[PDB]
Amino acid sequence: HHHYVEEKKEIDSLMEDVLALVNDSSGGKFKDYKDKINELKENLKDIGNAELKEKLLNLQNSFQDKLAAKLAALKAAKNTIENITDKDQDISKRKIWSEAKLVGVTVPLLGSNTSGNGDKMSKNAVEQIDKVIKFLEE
């Protein structure tokens, strides 16, 4: 019985990293794990070890579930930020900041009274969230 121990360790290590993905993990971390998953699937394609194939399937399934959660969290934060009404209120500005922060997007809190600081924070947050969504859906 050939065991593919080193290949199974490769899958396990990547699985543990994928399971640590959260909704504020950077988009680059998602694409990096996706690329490593694809390269493993390609390099292990000819191995019929049932346990190894199941481990690879579990690894892809877990990644897709982490990706679905990240993309839903991004679109949710985007929708919320867009729908804030009195965006220049102190409370609205902190809300834009915190909603972006929850999905791994850093916007400056423009706390001064300069007219339009809220709509400007909103615009920045949505533009960054859109780039992450676009990056992840490539």
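Residue numbers here begin at 1 and follow the sequence given.
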| property | result |
| --- | --- |
| Comparing 18 to 26 with 110 to 118, the one whose average Cα B-factor in the PDB entry is higher | 110 to 118 |
| Between the two ranges 4 to 12 and 127 to 135, the one averaging a larger CA B factor in the entry | 127 to 135 |
| Most elevated Cα B-factor in the entry, residues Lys101, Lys95, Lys45, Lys36 | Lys45 |
| Options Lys55, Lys87, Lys41, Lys70 - largest CA temperature factor per the record | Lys87 |
| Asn61, C-alpha B-factor rank within chain (lowest, middle or highest third) | middle |
| CA B-factor ranking of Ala50, expressed as a third of its chain | highest |
